[PDB]
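Novice: So I've got this file, coords-v2.txt, and it contains compact mmCIF, C-alpha atoms and all ligand atoms:
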# COMPACT_ATOMS: atom_id res chain seq x y z
CA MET A 1 -21.11 -65.47 121.62
CA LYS A 2 -22.34 -68.15 119.20
CA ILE A 3 -20.32 -68.21 115.97
CA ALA A 4 -21.73 -69.68 112.76
CA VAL A 5 -19.87 -70.39 109.51
CA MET A 6 -21.60 -70.26 106.13
CA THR A 7 -20.57 -69.86 102.50
CA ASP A 8 -21.88 -69.73 98.95
CA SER A 9 -22.53 -72.77 96.77
CA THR A 10 -19.25 -72.41 94.84
CA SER A 11 -17.29 -73.82 97.80
CA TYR A 12 -18.56 -77.25 96.64
CA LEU A 13 -18.49 -78.91 100.05
CA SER A 14 -19.75 -82.48 100.29
CA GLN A 15 -23.23 -83.02 101.70
CA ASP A 16 -21.66 -84.99 104.56
CA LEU A 17 -19.83 -81.89 105.79
CA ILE A 18 -22.86 -79.67 105.18
CA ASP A 19 -25.17 -81.99 107.12
CA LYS A 20 -22.68 -82.61 109.93
CA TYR A 21 -21.82 -78.95 110.63
CA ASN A 22 -25.18 -77.45 109.56
CA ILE A 23 -23.47 -75.26 106.97
CA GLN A 24 -25.90 -72.76 105.46
CA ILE A 25 -25.41 -72.13 101.75
CA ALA A 26 -26.22 -69.03 99.70
CA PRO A 27 -26.58 -70.69 96.29
CA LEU A 28 -25.51 -69.46 92.89
CA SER A 29 -27.53 -70.22 89.76
CA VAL A 30 -27.08 -71.02 86.07
CA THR A 31 -29.35 -69.92 83.22
CA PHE A 32 -29.36 -71.56 79.78
CA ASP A 33 -30.52 -70.06 76.49
CA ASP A 34 -33.74 -72.11 76.69
CA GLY A 35 -34.76 -70.27 79.88
CA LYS A 36 -34.01 -73.11 82.30
CA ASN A 37 -32.71 -71.81 85.64
CA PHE A 38 -30.86 -74.03 88.11
CA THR A 39 -29.50 -73.07 91.52
CA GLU A 40 -26.45 -75.00 92.71
CA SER A 41 -26.99 -77.86 95.14
CA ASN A 42 -25.76 -81.41 95.86
CA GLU A 43 -29.11 -82.74 94.48
CA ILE A 44 -28.42 -82.14 90.72
CA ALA A 45 -26.02 -84.60 88.99
CA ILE A 46 -23.02 -82.63 87.65
CA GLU A 47 -22.79 -84.76 84.50
CA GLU A 48 -26.36 -83.76 83.63
CA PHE A 49 -25.24 -80.12 83.57
CA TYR A 50 -22.27 -80.99 81.34
CA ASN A 51 -24.62 -82.75 78.91
CA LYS A 52 -26.85 -79.67 78.79
CA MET A 53 -23.93 -77.24 78.45
CA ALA A 54 -22.67 -79.35 75.54
CA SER A 55 -26.22 -79.45 74.12
CA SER A 56 -26.58 -75.65 74.08
CA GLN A 57 -25.93 -73.39 71.10
CA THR A 58 -25.31 -70.54 73.57
CA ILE A 59 -22.88 -70.57 76.50
CA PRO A 60 -25.02 -70.43 79.68
CA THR A 61 -25.07 -67.49 82.07
CA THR A 62 -24.40 -67.62 85.81
CA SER A 63 -25.58 -65.33 88.60
CA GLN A 64 -24.20 -64.54 92.04
CA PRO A 65 -26.46 -64.93 95.08
CA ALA A 66 -28.75 -61.92 95.33
CA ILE A 67 -28.09 -59.63 98.28
CA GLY A 68 -31.53 -60.56 99.62
CA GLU A 69 -30.50 -64.22 99.74
CA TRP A 70 -27.51 -63.43 101.96
CA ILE A 71 -29.73 -61.31 104.23
CA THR A 72 -32.32 -64.09 104.52
CA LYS A 73 -29.56 -66.50 105.55
CA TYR A 74 -28.14 -63.94 107.99
CA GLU A 75 -31.53 -63.35 109.59
CA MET A 76 -32.22 -67.09 109.86
CA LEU A 77 -28.90 -67.71 111.62
CA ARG A 78 -29.44 -64.70 113.90
CA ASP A 79 -32.93 -65.92 114.82
CA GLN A 80 -31.39 -69.29 115.77
CA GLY A 81 -29.30 -67.58 118.47
CA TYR A 82 -26.09 -66.95 116.53
CA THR A 83 -24.28 -63.69 117.30
CA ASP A 84 -21.41 -63.88 114.78
CA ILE A 85 -21.35 -65.28 111.24
CA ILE A 86 -18.15 -66.10 109.36
CA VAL A 87 -18.92 -65.94 105.64
CA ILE A 88 -16.54 -67.62 103.18
CA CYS A 89 -17.07 -66.24 99.70
CA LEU A 90 -16.22 -66.86 96.07
CA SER A 91 -13.28 -64.81 94.82
CA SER A 92 -14.17 -61.14 94.46
CA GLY A 93 -12.02 -61.03 91.31
CA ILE A 94 -14.36 -63.31 89.34
CA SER A 95 -17.70 -62.68 91.03
CA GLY A 96 -19.65 -60.13 93.02
CA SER A 97 -20.66 -62.78 95.53
CA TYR A 98 -18.26 -61.47 98.18
CA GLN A 99 -19.29 -57.82 97.84
CA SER A 100 -22.93 -58.91 97.91
CA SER A 101 -22.24 -60.82 101.13
CA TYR A 102 -20.23 -57.85 102.44
CA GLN A 103 -23.00 -55.31 101.79
CA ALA A 104 -25.64 -57.70 103.13
CA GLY A 105 -23.61 -57.97 106.33
CA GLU A 106 -23.82 -54.19 106.74
CA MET A 107 -27.60 -54.17 106.21
CA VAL A 108 -28.78 -57.05 108.42
CA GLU A 109 -29.35 -56.09 112.05
CA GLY A 110 -28.94 -57.99 115.30
CA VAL A 111 -25.92 -60.06 114.21
CA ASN A 112 -22.24 -59.55 113.43
CA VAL A 113 -21.12 -60.54 109.92
CA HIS A 114 -17.48 -61.28 109.07
CA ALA A 115 -17.26 -61.73 105.30
CA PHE A 116 -14.05 -63.26 103.94
CA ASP A 117 -12.85 -62.99 100.34
CA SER A 118 -11.27 -66.41 99.78
CA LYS A 119 -9.77 -65.17 96.47
CA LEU A 120 -10.37 -68.61 94.94
CA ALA A 121 -13.08 -71.19 94.22
CA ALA A 122 -14.22 -74.82 94.49
CA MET A 123 -13.13 -76.95 97.47
CA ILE A 124 -10.14 -74.65 97.99
CA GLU A 125 -12.66 -71.99 98.97
CA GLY A 126 -14.37 -74.72 101.01
CA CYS A 127 -11.17 -75.38 102.96
CA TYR A 128 -11.57 -71.91 104.48
CA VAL A 129 -15.03 -73.02 105.64
CA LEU A 130 -13.56 -76.16 107.20
CA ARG A 131 -10.74 -74.17 108.80
CA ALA A 132 -13.21 -71.63 110.21
CA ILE A 133 -15.44 -74.37 111.63
CA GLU A 134 -12.40 -76.05 113.19
CA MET A 135 -11.39 -72.82 114.94
CA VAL A 136 -14.92 -72.19 116.24
CA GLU A 137 -14.76 -75.59 117.94
CA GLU A 138 -11.39 -74.59 119.43
CA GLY A 139 -12.98 -71.56 121.12
CA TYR A 140 -11.47 -68.89 118.87
CA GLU A 141 -13.21 -65.56 118.28
CA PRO A 142 -14.17 -64.13 114.86
CA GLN A 143 -11.20 -61.76 114.50
CA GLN A 144 -8.72 -64.52 115.37
CA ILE A 145 -10.35 -66.73 112.73
CA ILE A 146 -10.29 -63.95 110.13
CA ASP A 147 -6.60 -63.34 110.83
CA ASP A 148 -5.85 -67.06 110.55
CA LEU A 149 -7.67 -67.35 107.21
CA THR A 150 -5.83 -64.26 105.93
CA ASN A 151 -2.50 -65.93 106.71
CA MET A 152 -3.81 -69.15 105.16
CA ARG A 153 -4.68 -67.21 101.99
CA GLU A 154 -1.02 -66.19 101.56
CA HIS A 155 0.00 -69.85 101.11
CA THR A 156 -3.01 -70.93 99.03
CA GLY A 157 -3.38 -71.04 95.27
CA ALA A 158 -4.49 -73.03 92.25
CA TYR A 159 -3.40 -73.85 88.71
CA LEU A 160 -5.86 -75.00 86.06
CA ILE A 161 -6.29 -75.91 82.40
CA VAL A 162 -9.17 -75.78 79.92
CA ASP A 163 -9.87 -77.29 76.52
CA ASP A 164 -10.79 -73.93 74.96
CA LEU A 165 -10.60 -70.38 76.29
CA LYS A 166 -13.92 -69.44 74.65
CA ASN A 167 -16.03 -69.96 77.79
CA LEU A 168 -13.75 -67.80 79.94
CA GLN A 169 -13.35 -65.10 77.28
CA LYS A 170 -17.11 -64.87 76.75
CA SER A 171 -17.63 -64.44 80.50
CA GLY A 172 -14.62 -62.13 80.75
CA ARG A 173 -13.19 -64.24 83.59
CA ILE A 174 -9.77 -64.61 81.91
CA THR A 175 -7.38 -61.67 82.31
CA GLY A 176 -4.90 -61.17 79.50
CA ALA A 177 -3.75 -63.97 77.19
CA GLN A 178 -5.70 -62.45 74.31
CA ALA A 179 -3.13 -63.67 71.77
CA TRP A 180 -3.84 -67.21 73.00
CA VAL A 181 -7.52 -66.74 72.10
CA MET A 187 -1.88 -75.62 72.05
CA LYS A 188 -3.10 -76.12 75.62
CA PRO A 189 -3.02 -73.21 78.09
CA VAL A 190 -2.08 -73.45 81.76
CA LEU A 191 -3.79 -70.81 83.90
CA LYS A 192 -3.31 -69.77 87.51
CA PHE A 193 -5.04 -67.77 90.21
CA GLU A 194 -3.26 -64.56 91.24
CA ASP A 195 -4.84 -62.11 93.70
CA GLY A 196 -8.26 -63.62 93.01
CA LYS A 197 -8.07 -63.43 89.20
CA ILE A 198 -7.38 -66.01 86.49
CA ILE A 199 -4.26 -65.12 84.48
CA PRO A 200 -2.12 -67.06 82.00
CA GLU A 201 0.93 -68.94 83.22
CA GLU A 202 2.18 -71.25 80.45
CA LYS A 203 1.17 -72.50 77.01
CA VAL A 204 2.05 -76.17 76.58
CA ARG A 205 2.10 -78.38 73.49
CA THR A 206 -0.17 -81.26 74.58
CA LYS A 207 -2.93 -81.84 77.10
CA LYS A 208 -0.76 -84.53 78.70
CA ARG A 209 2.07 -82.08 79.35
CA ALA A 210 -0.50 -79.57 80.63
CA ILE A 211 -1.47 -81.92 83.46
CA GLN A 212 2.21 -82.68 84.08
CA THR A 213 2.83 -78.92 84.20
CA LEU A 214 0.00 -78.55 86.73
CA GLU A 215 1.68 -81.00 89.12
CA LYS A 216 5.14 -79.48 88.61
CA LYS A 217 4.01 -75.91 89.31
CA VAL A 218 2.17 -76.87 92.50
CA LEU A 219 4.80 -79.31 93.79
CA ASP A 220 7.54 -76.70 93.33
CA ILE A 221 5.59 -74.30 95.58
CA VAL A 222 4.26 -76.53 98.37
CA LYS A 223 7.64 -78.11 99.12
CA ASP A 224 8.45 -75.01 101.21
CA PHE A 225 5.28 -75.34 103.33
CA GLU A 226 5.20 -76.87 106.80
CA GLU A 227 1.76 -78.32 105.97
CA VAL A 228 0.33 -79.22 102.57
CA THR A 229 -3.24 -79.99 101.48
CA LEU A 230 -3.63 -80.72 97.77
CA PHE A 231 -6.98 -80.74 95.99
CA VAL A 232 -7.71 -82.11 92.52
CA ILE A 233 -10.76 -80.29 91.16
CA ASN A 234 -12.07 -82.34 88.24
CA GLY A 235 -14.20 -81.32 85.27
CA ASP A 236 -16.29 -83.26 82.75
CA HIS A 237 -13.39 -85.51 81.65
CA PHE A 238 -13.41 -87.84 84.65
CA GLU A 239 -10.21 -89.65 83.62
CA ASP A 240 -8.11 -86.47 83.79
CA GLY A 241 -8.78 -85.76 87.46
CA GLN A 242 -8.36 -89.39 88.49
CA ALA A 243 -5.05 -89.81 86.66
CA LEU A 244 -3.72 -86.65 88.32
CA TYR A 245 -5.18 -87.64 91.70
CA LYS A 246 -3.64 -91.12 91.57
CA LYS A 247 -0.30 -89.81 90.29
CA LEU A 248 -0.21 -87.31 93.15
CA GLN A 249 -0.83 -90.11 95.66
CA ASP A 250 2.25 -91.89 94.29
CA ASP A 251 4.54 -88.88 93.78
CA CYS A 252 3.67 -87.18 97.05
CA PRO A 253 4.60 -88.37 100.55
CA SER A 254 1.73 -89.33 102.83
CA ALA A 255 2.62 -86.24 104.87
CA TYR A 256 0.80 -84.42 102.05
CA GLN A 257 -3.00 -84.38 102.26
CA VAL A 258 -4.14 -85.20 98.72
CA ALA A 259 -7.90 -84.96 98.18
CA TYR A 260 -10.31 -85.01 95.25
CA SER A 261 -13.32 -82.89 94.30
CA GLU A 262 -15.33 -81.81 91.26
CA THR A 263 -16.67 -78.61 89.75
CA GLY A 264 -20.27 -77.51 89.99
CA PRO A 265 -22.54 -75.99 87.34
CA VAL A 266 -21.49 -72.36 87.93
CA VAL A 267 -17.75 -73.03 87.70
CA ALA A 268 -18.19 -75.42 84.76
CA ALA A 269 -20.18 -72.78 82.85
CA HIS A 270 -17.14 -70.47 82.82
CA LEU A 271 -14.43 -73.10 82.35
CA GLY A 272 -16.17 -75.09 79.63
CA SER A 273 -15.16 -78.62 78.73
CA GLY A 274 -11.96 -80.06 80.14
CA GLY A 275 -11.83 -77.80 83.19
CA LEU A 276 -9.23 -79.48 85.40
CA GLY A 277 -7.64 -77.73 88.37
CA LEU A 278 -5.05 -78.45 91.04
CA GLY A 279 -5.24 -76.37 94.21
CA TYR A 280 -3.09 -76.21 97.33
CA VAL A 281 -3.27 -74.88 100.89
CA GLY A 282 -0.31 -74.39 103.21
CA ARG A 283 -2.29 -76.05 106.01
CA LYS A 284 -3.50 -79.49 107.06
CA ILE A 285 -7.23 -78.84 106.72
CA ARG A 286 -9.61 -81.09 108.66
CA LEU A 287 -11.65 -82.79 105.93
CA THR A 288 -13.79 -84.88 108.31
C1 LIG B 301 -8.17 -75.98 91.59
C2 LIG B 301 -9.18 -74.92 92.04
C3 LIG B 301 -9.38 -73.80 91.02
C4 LIG B 301 -10.64 -73.96 90.17
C5 LIG B 301 -11.12 -72.66 89.51
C6 LIG B 301 -12.64 -72.60 89.31
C7 LIG B 301 -13.17 -71.20 88.96
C8 LIG B 301 -12.96 -70.81 87.49
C9 LIG B 301 -14.13 -70.00 86.89
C10 LIG B 301 -14.84 -69.09 87.90
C11 LIG B 301 -15.91 -68.18 87.27
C12 LIG B 301 -17.32 -68.39 87.85
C13 LIG B 301 -17.77 -67.31 88.84
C14 LIG B 301 -18.99 -66.50 88.37
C15 LIG B 301 -20.05 -66.30 89.45
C16 LIG B 301 -21.08 -65.13 89.19
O1 LIG B 301 -21.79 -65.28 88.16
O2 LIG B 301 -21.08 -64.19 90.03
Show me the file's structure as structure tokens.
Specialist:
Amino acid sequence: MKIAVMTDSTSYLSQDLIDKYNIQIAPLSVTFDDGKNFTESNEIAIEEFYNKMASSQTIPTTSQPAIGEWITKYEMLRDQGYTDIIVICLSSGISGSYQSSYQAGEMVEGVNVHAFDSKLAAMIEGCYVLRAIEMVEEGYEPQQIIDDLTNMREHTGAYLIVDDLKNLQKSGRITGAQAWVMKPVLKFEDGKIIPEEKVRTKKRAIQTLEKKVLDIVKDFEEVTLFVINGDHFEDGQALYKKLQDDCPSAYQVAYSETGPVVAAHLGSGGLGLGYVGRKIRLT
């Protein structure tokens, strides 16, 4: 038994962790109105995508990884001697990436595929990858890892804000809150993005983000917080630094940024604050 752990590009893991653990990536892509296609990777500068998304009369379109791209990654890992693959996926409620990975796992032969619906995105989805890799080192077997991630999913969530709900409404990735389409505060619930609160100012939106998450994680034996920043770099840093001061060092407070696919649906000002009821190994 040789267990591998892979994921899609929306987990937004750093290249250090991808190089160190040899994490294979089934990438997602973005397509602009001028015909330019771009698959997600750590090579493209994220601020270059934000400049292009701002310089586009049409909101760009994203695409999940094709089922043939999961199969190619499955066959490559199988041909390297791997017998079991743990696949961490973008939330099935916002993308068909998980179902594509799930169906590809049924089609590829000679290897066992264990697809997991993380029900979230960004580095919060990547924390499942890091938890799975940690358990593989510990000698666990795929079903034990899947059961551990399922329990981890019950104490994992995210709140987020956006400048305008036009990017999410165009993509249909926002459920409800049609009267809102002030600053909205959204949240992930069962893998979907739903409204949570409508606040008066962007400043009180970020304050609301911290209050909602801090009120939840105080009942957790372990806490890993993740600031997922957008194009406004000062928003994520101010929240990240304020969390470092307001939270005890027993809390693991980390920082990360969105990629092109997530930014295409959030639009400008896409700031998020995620949490996991575990102490994830980030090294
Ligand atoms: C704090 C962490 C939460 C951050 C939330 C980021 C995800 C919001 C928008 C997701 C929609 C993009 C998925 C579409 C992919 C596809 O085209 O299949």
Novice: Taking 6 positions as the minimum chain separation for residues in the same chain, which residues sit within 6 Å of segment 143-160 of chain A when counting only C-alpha atoms? Answer as a PyMOL selection string.
Specialist: chain A and resi 190-193+276-282
Novice: Store the residues picked out above, limited to C-alpha atoms, as a PDB file, in the coordinates of the input.
Specialist:
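Contents of selection_25.pdb, freshly written:
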ATOM      1  CA  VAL A 190      -2.080 -73.450  81.760  1.00  0.00           C
ATOM      2  CA  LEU A 191      -3.790 -70.810  83.900  1.00  0.00           C
ATOM      3  CA  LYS A 192      -3.310 -69.770  87.510  1.00  0.00           C
ATOM      4  CA  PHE A 193      -5.040 -67.770  90.210  1.00  0.00           C
ATOM      5  CA  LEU A 276      -9.230 -79.480  85.400  1.00  0.00           C
ATOM      6  CA  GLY A 277      -7.640 -77.730  88.370  1.00  0.00           C
ATOM      7  CA  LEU A 278      -5.050 -78.450  91.040  1.00  0.00           C
ATOM      8  CA  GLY A 279      -5.240 -76.370  94.210  1.00  0.00           C
ATOM      9  CA  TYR A 280      -3.090 -76.210  97.330  1.00  0.00           C
ATOM     10  CA  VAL A 281      -3.270 -74.880 100.890  1.00  0.00           C
ATOM     11  CA  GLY A 282      -0.310 -74.390 103.210  1.00  0.00           C
TER      12      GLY A 282
END
Novice: Using Å and a single decimal, report how far atom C12 of ligand LIG 301 (chain B) sits from atom CA of residue 189 of chain A.
Specialist: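 Interatomic distance here is 18.0 Å.
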Novice: Got a sec: who's within 12 Å of residue 74 of chain A, counting all atoms listed in the file, leaving out chain neighbours fewer than 3 positions off, as an MDAnalysis selection string?
Specialist: chainID A and resid 3:7 24:26 67:71 77:87 101:115
Novice: Using all atoms listed in the file, what are the residues with an atom within 6 Å of ligand LIG 301 (chain B), set out as a PyMOL selection string?
Specialist: chain A and resi 62-64+94-97+121-122+158-159+233+266-267+270-271+277-279
Novice: What is the atom CA of residue 206 of chain A to atom CA of residue 179 of chain A distance in Å?
Specialist: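 It comes out at 18.1 Å.
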Novice: Between atom CA of residue 243 of chain A and atom CA of residue 224 of chain A, what is the distance, to one decimal in Å?
Specialist: 24.8 Å
Novice: Find the residues near residue 32 of chain A: any atom within 8 Å, counting only C-alpha atoms, skip ones fewer than 4 places away on the same chain, and give them as JSON, numbers by chain.
Specialist: {"A": [36, 37, 53, 56, 58, 59, 60, 61]}
Novice: Need the axis-aligned box for segment 18-29 of chain A with 3 Å each side, so what are the centre and edges in Å to one decimal, as AutoDock Vina command-line options?
Specialist:
--center_x -24.7 --center_y -75.8 --center_z 100.2 --size_x 11.7 --size_y 19.6 --size_z 26.9
Novice: Using all atoms listed in the file, which residue out of A:265, A:253, A:235, A:172 lies closest to residue 43 of chain A?
Specialist: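 Residue with the minimum atom-to-atom distance to residue 43 of chain A: A:265.
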Novice: Mind dumping a table of every segment 227-262 of chain A residue within 12 Å of segment 162-166 of chain A, with the nearest atom pair and its distance in Å to one decimal, using all atoms listed in the file, sorted by chain and rising number, as a tab-separated table?
Specialist:
residue	atom	partner	partner_atom	distance
A:234	CA	A:162	CA	11.0
A:235	CA	A:162	CA	9.2
A:236	CA	A:162	CA	10.7
A:237	CA	A:163	CA	10.3
A:240	CA	A:162	CA	11.4
Novice: Generate the missing atoms of segment 88-100 of chain A up to N, CA and C atoms and report them as a compact mmCIF listing (two decimals), in the frame of the given file.
Specialist:
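Final output, rebuild24.txt:
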# COMPACT_ATOMS: atom_id res chain seq x y z
N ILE A 88 -17.58 -67.32 104.16
CA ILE A 88 -16.54 -67.62 103.18
C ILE A 88 -17.14 -67.45 101.79
N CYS A 89 -16.46 -66.69 100.94
CA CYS A 89 -17.07 -66.24 99.70
C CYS A 89 -16.23 -66.64 98.50
N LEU A 90 -16.90 -66.75 97.36
CA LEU A 90 -16.22 -66.86 96.07
C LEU A 90 -15.30 -65.66 95.87
N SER A 91 -14.27 -65.86 95.05
CA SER A 91 -13.28 -64.81 94.82
C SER A 91 -13.94 -63.55 94.28
N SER A 92 -13.63 -62.41 94.91
CA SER A 92 -14.17 -61.14 94.46
C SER A 92 -13.66 -60.76 93.07
N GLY A 93 -12.55 -61.34 92.62
CA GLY A 93 -12.02 -61.03 91.31
C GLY A 93 -12.75 -61.66 90.15
N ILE A 94 -13.66 -62.60 90.41
CA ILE A 94 -14.36 -63.31 89.34
C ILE A 94 -15.86 -63.22 89.55
N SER A 95 -16.28 -62.72 90.71
CA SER A 95 -17.70 -62.68 91.03
C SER A 95 -17.97 -61.57 92.03
N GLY A 96 -19.22 -61.11 92.05
CA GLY A 96 -19.65 -60.13 93.02
C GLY A 96 -20.31 -60.77 94.22
N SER A 97 -20.07 -62.07 94.40
CA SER A 97 -20.66 -62.78 95.53
C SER A 97 -20.14 -62.24 96.86
N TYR A 98 -18.84 -61.95 96.93
CA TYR A 98 -18.26 -61.47 98.18
C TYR A 98 -18.79 -60.09 98.54
N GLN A 99 -18.78 -59.16 97.57
CA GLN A 99 -19.29 -57.82 97.84
C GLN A 99 -20.77 -57.86 98.20
N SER A 100 -21.53 -58.75 97.55
CA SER A 100 -22.93 -58.91 97.91
C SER A 100 -23.07 -59.42 99.34
